[PDB]
């Protein structure tokens, strides 16, 4: 059910598609020096985004899994109402989740969306808990480092703060007021190639 979208995501991604997403994503990260204001993802929809990473603005870009919360979801590009109604959404104006110093890639999700758990339970995460991210050919592993509460107008607090490589989860807080944003930061640990036989135990644990 969840596993079906993931399997289709995966199987369709040839080596040529994957290398093209790699290079488009690098390009996108390179243009961010130029941009400025990150927009609050829980406005609303979202201004006007053109990632130019895929020909289809609504393609699934990655899959994200946090086993300890039984979360396994597609990640879309650009965090508007439409995408956040269908899964998790990368926040425009933050890097895509690639390797390198000083990357803080921000993925948003709903707290109490009428029909899906999504990020309802991020507040349960303890330091060390694992998050696995699948870009098609690799699974990147992160581990929970710390959390913050911020105000929605405090968009600067979404930017990188260190030379670390980070994935930051953002959702609304507290229920039902939602007038704040919960941030949960994760640090990158390792990248597994799905061509490596050890990768199979990561895939099994993360995506099933």
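Numbering follows the first chain given and starts at 1.
In this entry, 35-43 has the higher mean Cα B-factor, the comparison being between 64-72 and 35-43.
The PDB entry records a higher mean C-alpha B factor for 10-18 than for its counterpart among 10-18 and 184-192.
Across the residues 49, 26, 145, 139, the deposited record lists the maximum Cα B factor for 49.
Residues shown: 127, 106, 98, 77. Highest C-alpha temperature factor in the entry: 127.
Split the chain's modelled residues into thirds by C-alpha temperature factor. Residue 30 is in the middle one. Annotation for residue 116: C-alpha temperature factor in the highest third relative to the rest of the modelled chain, per the entry. Among all modelled residues in its chain, residue 160 ranks in the highest third by Cα B-factor. Ranked by Cα temperature factor within the chain, residue 53 sits in the middle third according to the deposited record. In the deposited entry, the Cα temperature factor of residue 150 places it in the highest third of its chain's modelled residues.
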